[PDB]
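Chemist: This structure is in structure tokens; I'll ask about it shortly.
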Amino acid sequence: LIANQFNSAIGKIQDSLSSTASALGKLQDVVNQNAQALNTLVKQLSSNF
Amino acid sequence: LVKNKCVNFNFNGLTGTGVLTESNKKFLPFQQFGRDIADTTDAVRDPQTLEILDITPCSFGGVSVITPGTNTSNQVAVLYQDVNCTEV
Amino acid sequence: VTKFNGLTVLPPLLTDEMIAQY
Ligand SMILES: *[C@@H]1O[C@H](CO)[C@@H](O[C@@H]2O[C@H](CO)[C@@H](O)[C@H](O)[C@H]2NC(C)=O)[C@H](O)[C@H]1NC(C)=O
Ligand SMILES: *[C@@H]1O[C@H](CO)[C@@H](O[C@@H]2O[C@H](CO)[C@@H](O)[C@H](O)[C@H]2NC(C)=O)[C@H](O)[C@H]1NC(C)=O
Ligand SMILES: *[C@@H]1O[C@H](CO[C@@H]2O[C@@H](C)[C@@H](O)[C@@H](O)[C@@H]2O)[C@@H](O)[C@H](O)[C@H]1NC(C)=O
């Protein structure tokens with residue numbers, strides 16, 4: 001009984017990941033913040049100051 | 001005009017350094033100068049032969065020195081970052 | 001999970017193949 005519950009519990013993880021993109025938000029935000037910060041730096045070259 | 005080699009160009013008072021290549025950017029008669037996000041020029045129209053030329057800045061990159069301490073040897077290795085073994 | 005102005009990105013020292021091996 002315990003082994004079968006474990007195997008099903010692991011299977012649910014695959015179904016969760018394969019459909020819900022927001023599951024990885026904690027890592028996507030880090031990538032987005034660094035790209036967003038770097039693009040601001042590039043845009044600053046277009047300013048007259 | 002010389003192409004595919006790092007050259008110092010001057011188009012109608014526009015100056016810069018870069019590689020001039022043939023381009024497939026479809027300009028329109030009222031516009032001569034393409035432009036980059038950071039407001040640098042990205043393509044020019046040849047003022048005499050109306051074909052569009054791409055401007056790519058000449059190759060560059062960081063240079064790192066890999067060395068054991070001078071307390072051990074005076075021999076070093078040089079790493080050219082993110083560049084092939086041709087521009088060295 | 002998904003230029004010409006002196007801005008570069010350095011590669012990580014541990015390649016992704018090595019991370020999986022750990
Ligand atoms: C002066 O510039 C004119 C631009 O029209 C040249 O006339 C033609 O320009 C086209 C541009 O696509 C090219 O085929 C040639 O440069 C020219 N072709 C013909 C059939 O004339 C003109 O030749 C230029 N004059 C000089 C002395 O370079
Ligand atoms: C840097 O050197 C590599 C290794 O020789 C070369 O990579 C080329 O990549 C293109 C397409 O990505 C293909 O023609 C071949 O895989 C490689 N060509 C040759 C002649 O080796 C190329 O010289 C340089 N590539 C980059 C991206 O700078
Ligand atoms: C620095 O080096 C001093 C003398 O260097 C000696 O000669 C060179 C060519 C090497 O062979 C080195 O190993 C030798 O010791 C040392 O006396 C000194 O301890 C060194 N500094 C430190 C912090 O070890």
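Going by the structure tokens order, chains are called A, B, ..., each with residues numbered from 1, while ligands are numbered from 1 in the order shown.
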Do you have, as a tab-separated table, the list of residues of chain C lying at most 12 Å from chain B, each with its nearest atom pair and that distance in Å to one decimal, counting only C-alpha atoms and ordered by chain then number?

Modeler:
```
residue	atom	partner	partner_atom	distance
C:3	CA	B:38	CA	10.1
C:4	CA	B:57	CA	7.3
C:5	CA	B:38	CA	9.1
C:6	CA	B:61	CA	8.0
C:7	CA	B:61	CA	9.7
C:8	CA	B:61	CA	8.5
C:9	CA	B:82	CA	9.2
C:10	CA	B:81	CA	8.5
C:11	CA	B:82	CA	9.4
```

Chemist: Quick one: which residues from chain A are at most 12 Å off chain B, using only C-alpha atoms, as number ranges by chain?

Modeler: A: 39-48

Chemist: Could you name the residues that touch segment 21-30 of chain A at 8 Å or less, counting only C-alpha atoms, but leaving out those on the same chain fewer than 3 positions away, as a compact mmCIF listing (two decimals) with C-alpha atoms, in the first residue's frame?

Modeler:
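Written output follows (out.txt):
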```txt
# COMPACT_ATOMS: atom_id res chain seq x y z
CA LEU A 17 4.57 20.30 -14.10
CA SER A 18 3.42 19.36 -17.61
CA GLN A 33 14.69 40.74 -13.19
CA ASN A 34 18.21 40.47 -14.58
CA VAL C 1 12.36 28.40 -17.56
CA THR C 2 13.55 30.51 -20.48
```

Chemist: Could you work out how far atom CA of residue 48 of chain B lies from atom 15 (C, counted along the ligand's line) of ligand 1, giving the answer in Å with one decimal?

Modeler: 6.7 Å

Chemist: Name each residue within 10 Å of ligand 3, counting only C-alpha atoms and all ligand atoms, as a list in words.

Modeler: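 I would give the residues around ligand 3 as residues 69, 70, 71, 72, 73 and 74 of chain B.
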
Chemist: Residues within 8 Å of ligand 1 (only C-alpha atoms and all ligand atoms), as a CSV table (one decimal) with N, CA, C and O atoms, in the first residue's frame?

Modeler:
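Below is the file that was written, result20.csv:
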```
chain,number,residue,atom,x,y,z
B,47,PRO,N,25.1,56.3,-50.7
B,47,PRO,CA,24.5,57.5,-51.4
B,47,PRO,C,24.7,57.5,-52.9
B,47,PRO,O,24.0,58.3,-53.6
B,48,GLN,N,25.5,56.6,-53.5
B,48,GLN,CA,25.6,56.5,-54.9
B,48,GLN,C,25.0,55.3,-55.6
B,48,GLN,O,24.4,55.4,-56.7
B,49,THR,N,25.1,54.1,-54.9
B,49,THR,CA,24.5,52.9,-55.4
B,49,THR,C,23.6,52.4,-54.4
B,49,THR,O,24.0,51.8,-53.4
B,50,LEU,N,22.3,52.6,-54.6
B,50,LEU,CA,21.3,52.5,-53.6
B,50,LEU,C,21.1,51.0,-53.2
B,50,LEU,O,20.0,50.4,-53.5
B,51,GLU,N,22.0,50.4,-52.5
B,51,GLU,CA,21.9,49.2,-51.8
B,51,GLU,C,22.1,49.4,-50.3
B,51,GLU,O,22.9,50.3,-49.9
```
